[PDB]
Structures are given as structure tokens and as C-alpha cells.
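Residues per chain are reported as follows:
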Amino acid sequence: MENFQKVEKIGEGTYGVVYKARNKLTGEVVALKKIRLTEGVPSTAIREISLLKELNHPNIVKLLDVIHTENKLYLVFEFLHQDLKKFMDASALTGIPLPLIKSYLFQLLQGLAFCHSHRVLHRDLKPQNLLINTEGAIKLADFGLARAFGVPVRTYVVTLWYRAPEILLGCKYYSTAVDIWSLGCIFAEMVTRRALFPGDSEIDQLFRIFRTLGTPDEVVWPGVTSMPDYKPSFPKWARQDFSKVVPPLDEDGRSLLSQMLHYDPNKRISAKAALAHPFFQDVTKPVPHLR
Amino acid sequence: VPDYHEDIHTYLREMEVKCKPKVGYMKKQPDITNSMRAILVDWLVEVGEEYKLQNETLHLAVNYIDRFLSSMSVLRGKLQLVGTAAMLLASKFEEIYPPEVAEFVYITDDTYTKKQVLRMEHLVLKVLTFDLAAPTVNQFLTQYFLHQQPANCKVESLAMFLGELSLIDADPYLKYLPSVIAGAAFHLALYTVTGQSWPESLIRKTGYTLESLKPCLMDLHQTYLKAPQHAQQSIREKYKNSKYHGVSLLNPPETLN
Ligand SMILES: COc1cc2ncn(-c3cc(O[C@H](C)c4ccccc4Cl)c(C(N)=O)s3)c2cc1OC
């Protein structure tokens, strides 16, 4: 711990504080996550550490070290230049170019396919948890809510806007599909510059999803009318033409997005399968313009 | 979703080798024995029931204990402290929300203090180098259960029952990887309930033939047959519940052919 120089605060929350820091001996720039620390090591830190240690992939943020004193606990991460949320705002006037959207989605799916095939669910995929550098990389971050699904993970979380319909309807278990739902929402947000389903509440969130994608029935999604939080009195909305939901997308993007937003979590495309979608046939690695 | 099952299985098969304890560790522990370990694990089972924790939690805790005892000498009076800390860690990893520390001190019957449990937690984490996501028999059974034709809750509960029994006896079960014990537990449960055998699809998926499972199957059959006469009874009592279809009351077959 004496080898690190604090440069500046980069975040704060219930966990503790996050600092940009420098290694005094090697010069390495790092993100220091400091956990306050009589309840012991927090459950989220136990999970975040043991899961990330297993996950070495170029599109997942590296845990560089864990320093465990008697009364403080530090998580040392590689440092990236900003989050997608901050990038999307900077891009509000100009837009993010479509080849860069494609590159980002492609890399996000690679990181996620890696997580999923290593039995880790992320569960909290949102623009501010995705980190970018100036050389065109995007990486999943904040595995504070991540879970190993060697056995199925029961439902308790994730911010509302990116929450899958099956969770809102009160399914018993999570599945990999919840993460794909989140990426699909983020994909559309990059394209339109607007949150796809920005709800005030759980019920407003469902209703926004329904108004766009159609109110699901037993044909579309078997078992749906039997789910704990389904109501017969739900309004029955028509599905909307995707050319009106994400106008600047070609046929291939609309295809992928609708498969990512598929109602039935059993038939919602996987990250693995999404990587082979004709949408990524001409994927390149463009460099973003960061402020 | 079907896509990831193979990659996950392959990964767990890889991870179970890295997360295995040393097989002859108990011989190198001057003050503790297999018998004491059996008492401890049986107690943890009770703890699991009393606090309504998942079976996965129990399995993970045992893995942590066995790994910890693979590199640290422990005196008999401190074994339960290692046990409690492992259970607490397992809870923190696996449970939606774990019981608070005070509840874990309560079950020791005031033997150790809060401070002691938390320091042991720190120590176990240090010794295990934070590697807590260990593959378990439970995980493999879960994977294997998808190859049932069709699914049978009696089979599942009995497989779970036999797998849990394997946790009690370090001799012989430390000799076997979780994927192997699960292989045996699955076939034995399948054979007892339905008369079917370790299915072709699992042979292809796991690479294990029925023949290759034989040594472990012979041990597990013996455990199963002798279960009512074992000193440790918590698991049998657990599996009398209708929750698990009272499978621990099912008569085991006399031979395996
Ligand atoms: C430039 O702004 C950055 C850079 C950066 N490089 C690494 N990180 C990480 C922080 C972190 O933990 C905290 C809890 C976190 C995660 C996601 C979003 C915000 C915050 Cl504060 C990482 C992790 N847990 O994987 S990686 C950052 C953060 C950052 O601005 C927040």
C-alpha cells in the first residue's frame, strides 16, 4: 500500500471510495477501490474478487492486485479513460459513428461470452459500468453484483432501465439472458442517443417495454401469464416496427437487436451466437474521440 | 439456454483439479483425525438446516475446510473455528443474503468470540488466496440432471443425498474428484429409482464410462448400504423430509451387476 500515490477521487458509494492512483515504483496507473471495513469482508467483495481472478480477457477489466491489511481492503484495477455513459453524453450532438457502435457491441459480446462460458453472470450491465480507452477498447467492469451459476442463481438489484422483463415479472432464477437484455438496451441507446426503456418504476418499466415490443402472450412466451407478477389486466399493446424504434440501423442490426430483446429468455440469443450474426461481418476497430 | 453447457462443464472439469485438496493431508495433521472432520461436517449439515442455507453452501464450506487443512496445522480445539469461518465464507459467496456474523457465533455455543470468527475468516481467505468459486459435486449433478430422460425428482434427491454423504468421510472420498463422485451418485440414484444406467450422452460428455466409475461406485454403494449404522446421522435425518421425497428411507440394492 505504501507504493501507491493517490492522484484523485474518481468515484464514491456505499462500498467505499475509488481513486485514480500511480505505482510509485513502476509508474503503472491504477484504479484503487478501497473498502471501508464488525461484519467482516463484505459479500460483494468476496464475490467480485474470486470471480474476476478467474476472468482474464481483453474485454473485462483486470484485477491487478488485492491488498488485505488488518483494517482496510484495497482492490487494484487497471485504469481506463472513461465510461460509456460519459462518452454517450459527450457524443449527444455528433452521435457515436455506427462502425464504432458495432465495434463496441462486438467487444462487449466477447467479454460477455467469456463470462458466461466461465459460469459468471454480470447482472449489472449499464453504460457507466462499461469502460473505454483511446485505442478503441471497451471492457466490462463492476462485478459487484456478479454471480457464479454452477447452480442456478435465485432472484433477490440492477438499475431499472436495463432490467430484463423476466425479472420484472418475478421469475425464480436469473439466466445468461438477463445480461443480453442489458446489452440490447445499450445497443439501442448508442444508436438513438436515447435510453430505450426509461421507466420511473417497476410497473412503468414493464409498460414501456410492452408499448415497444408488444405485450407478451402465451404464444410469444409460454408460461408468461403464470408468472408471479403478471396481471390479466395488463394492457395489450401492439408490437412496433423496428424501423421506427431504431431508424438508422440496417436490416442486420434490427435483426440482432430484436433477437437480443426476445421475450422468452430461453430463446433470447446468446452472446456466443450473436458474435456470428451477419451484422459483424465487416467489424473494424475504430478509435473514439475522448474529451 | 443450451449454448454454454459444454464450455462450462469443460471449465469446471479444469477447475476441480486446481481446487482439489491434498489427498493425504489428514495423516500430516498431528492433532486432528478423519473422525473429527466427520463430526464437524455433520454439524455443518445441521447448521445448514437450522439457518436454511443452500446445499451448495455446505459443499463449498467443506472444500474450503479441506483446502485450509491441506496447508495449515490445526489443533482439535480450533477445528470448529475453521469450520465456522468456512461456512460463513461459503454463505457470503453463495447465499442471496448470508446470515450476519452474530448468528455464526451463536451456533458455536459461545465457544469462540465474534473477533475470533472474523480473524479466522481473514486467515482462510489469505490461505485460500481468495479463490472461492470451487466446483462441487452439487454443481456437477446439476449439470448431469439435464441429461435425464425424463427428469425424476426422486432420482435428483437421492443423487443429492448420496453426494452429501460423501462429504462426511475423507477416507475414501478425497481420492475422487467432484465430477467422479457426482458420476457415481447419479448412476446409483438412477439405478435405485428407475433401474436405468449412467446414460450414453453423459459418457460422451464426460468421457467417463460406467467401468471408469466402478471404483467410486463400489465405495459409494458401501457408504449407502452402511448409512443407517454410521456414527453421523444428520444427512439421513435431513433427507427424511418430504422436501427431498424421503429418499434416505429407500432401500439400497444389494449388488450393482
Ligand atoms: C476514468 O474513470 C474511471 C476509470 C476507471 N478505471 C478503472 N475503473 C474502475 C473502478 C471500479 O470499481 C468502481 C466501483 C466502479 C466501477 C464501475 C463504475 C464506477 C465505479 Cl466507481 C472497477 C471495477 N470494480 O471493475 S474498474 C475506473 C472507474 C472510472 O470512473 C468511475
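**Student:** Can you help me understand helix α1 (residues 5-18) of chain B in this one?
**Tutor:** Side chains that are three or four residues apart share a direction in an α-helix, a result of its 3.6 residues per turn. In this model α1(B) runs 20 Å from its N-terminal to its C-terminal C-alpha over 14 residues, within 8% of the 20 Å that 1.5 Å per residue would give. Listed in full, the buried residues belonging to α1(B) are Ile8(B), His9(B), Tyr11(B), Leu12(B), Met15(B) and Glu16(B). The arc enclosing the buried residues of α1(B), seen along the axis, measures out at 165°, which places them on a common side. The exposed set on the far side of α1(B), more than 90 degrees from its buried face, consists of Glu6(B), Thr10(B) and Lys18(B). Residues of α1(B) that are buried make contact with α1 (43-54) and α3 (98-117) of chain A together with α7 (137-144), α10 (178-194) and α11 (200-206) of chain B.

**Student:** What is the right way to look at the site of the ligand in this model?
**Tutor:** Residues and elements named next belong to chain A. Near the ligand there are 18 residues, and of these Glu 48, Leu 80, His 81, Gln 128 and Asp 142 occur at the shortest range. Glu 48 places a side-chain nitrogen or oxygen 2.9 Å from a nitrogen atom of the ligand. Contact between the ligand and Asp 142: an oxygen atom at 3.0 Å from a main-chain N or O atom of the residue. Considered on its own, the ligand offers 580 Å² of accessible surface; in the complex 89% of this is hidden by protein. Looking at the shell around the ligand, the elements with two or more residues in it are β3 (29-35) and β5 (73-78).

**Student:** Please clarify how the domain arrangement of chain B should be interpreted in this entry.
**Tutor:** Interface extent is often summarised as the accessible area lost during association of the parts. All names here are of chain B. Segmentation of chain B into domains returns domain 1 (7-20 + 134-257) and domain 2 (21-133). Centre-to-centre, using C-alpha coordinates, domain 1 lies 23 Å away from domain 2. Domain 1 puts 25 residues into the contact, and the matching count from domain 2 is 24 residues. For the pair domain 1 and domain 2, the two sides together bury roughly 2100 Å², of which 57% comes from carbon and sulfur. Contact with domain 2 buries area across many residues of domain 1, yet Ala 134, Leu 167 and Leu 174 alone supply 29% of it, more than any other trio. Taken together, domain 1 and domain 2 are joined by one salt bridge.

About the criteria used
- Residues numbered from 1 in each chain as written, not as in the entry; some residues may be left out.
- Chains lettered and ligands numbered in written order.
- Heavy atoms only, no water.
- Residues with missing side-chain atoms left out of burial classes, pairs and counts.
- Helix = DSSP H or I, 4+ residues; strand = E, 2+ residues; numbered from the N terminus.
- Expected span 1.5 Å × (residues − 1).
- Buried < 20%, exposed > 50% of the residue type's maximum accessible area, 1.4 Å probe, protein only.
- Arc of directions from axis to C-beta.
- Contact = heavy atoms within 4.5 Å.
- Near = heavy atom within 4 Å.
- Polar contact = N/O pair within 3.5 Å; in protein donor to acceptor, adjacent residues only side chain to side chain.
- Areas by Shrake-Rupley, 256 points an atom, 1.4 Å probe, with all protein chains shown as cover.
- Domains from an automatic or database assignment.
- Buried area = accessible area lost by both parts, 1.4 Å probe.
- Salt bridge = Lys/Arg side-chain N within 4 Å of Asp/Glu carboxyl O.

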